[PDB]
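Heads up: the structure comes next, in structure tokens.
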Amino acid sequence: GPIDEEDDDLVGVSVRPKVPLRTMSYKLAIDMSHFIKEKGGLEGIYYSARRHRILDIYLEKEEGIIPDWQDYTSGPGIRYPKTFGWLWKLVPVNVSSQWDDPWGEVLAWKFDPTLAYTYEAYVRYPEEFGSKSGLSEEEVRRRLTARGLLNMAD
Numbered sequence: 088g089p090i091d092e093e094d095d096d097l098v099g100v101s102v103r104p105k106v107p108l109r110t111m112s113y114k115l116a117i118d119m120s121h122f123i124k125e126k127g128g129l130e131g132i133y134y135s136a137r138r139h140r141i142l143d144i145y146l147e148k149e150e151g152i153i154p155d156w157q158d159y160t161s162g163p164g165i166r167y168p169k170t171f172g173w174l175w176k177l178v179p180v181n182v183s201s202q203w204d205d206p207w208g209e210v211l212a213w214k215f216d217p218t219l220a221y222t223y224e225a226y227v228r229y230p231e232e233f234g235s236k237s238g239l240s241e242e243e244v245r246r247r248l249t250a251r252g253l254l255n256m257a258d
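For the sequence shown, the residue numbers in the authors' numbering are 88 to 183, 201 to 258.
Here it is, written out as structure tokens:
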């Protein structure tokens, strides 16, 4: 590897998997969506922050994906994937998870093949994309504050 690896004064050891790192593309997101679907990893599985991390770590291990792609829209309601090509959304379960979610909803993962062609997250919640929202900074602020997302607006 790089010559830094031969530093006798090198401190610690990297906990990063020995895979070449890469950013989640639409292509990779489609492939990983179908892989997870075929393996049965997520369909109808209750959402949790720990399972969110497990998936991030798993995809970095197997495919070197840098784990900053799995962002879903804030909600409440269906939480749409903000990385276009990821075919998995979070769906509120109406009982007759809850402590993780800022809106207090019970959420479950759901496969949606229409997410390969419709960028639902950007269509419905452009304000959650900041400077890439296609809206003025003040309109981003207005829409976020109206939804109660003051931290995101700031």
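The C-beta atom is built at its ideal place from N, Cα and C for all residues, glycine as well.
query, result
"Endpoints, alpha helix (DSSP H) assigned at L142", "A136 to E150"
"Test item: CB-CB of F233 and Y223 under 8 Å", "no"
"Local Cβ density within 10 Å of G88, reported as buried at 16 or more and exposed below that", "exposed"
"Buried versus exposed call for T110 [16 or more other C-beta atoms within 10 Å across all chains shown]", "exposed"
"Limits of the unbroken alpha helix (DSSP H) element including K169", "It is not in any alpha helix (DSSP H) - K169 carries neither H nor E in the DSSP assignment."
"Limits of the beta strand (DSSP E) - the one that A257 falls within", "Premise fails: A257 lies in the alpha helix (DSSP H), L254 to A257, not in any beta strand (DSSP E)."
"C-beta contact flag for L219 and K169 at 8 Å", "no"
"Buried versus exposed call for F171 [16 or more other C-beta atoms within 10 Å across all chains shown]", "buried"
"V210 beta carbon less than 8 Å from that of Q202", "yes"
"Under the three-state DSSP convention, the category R246 falls into", "helix"
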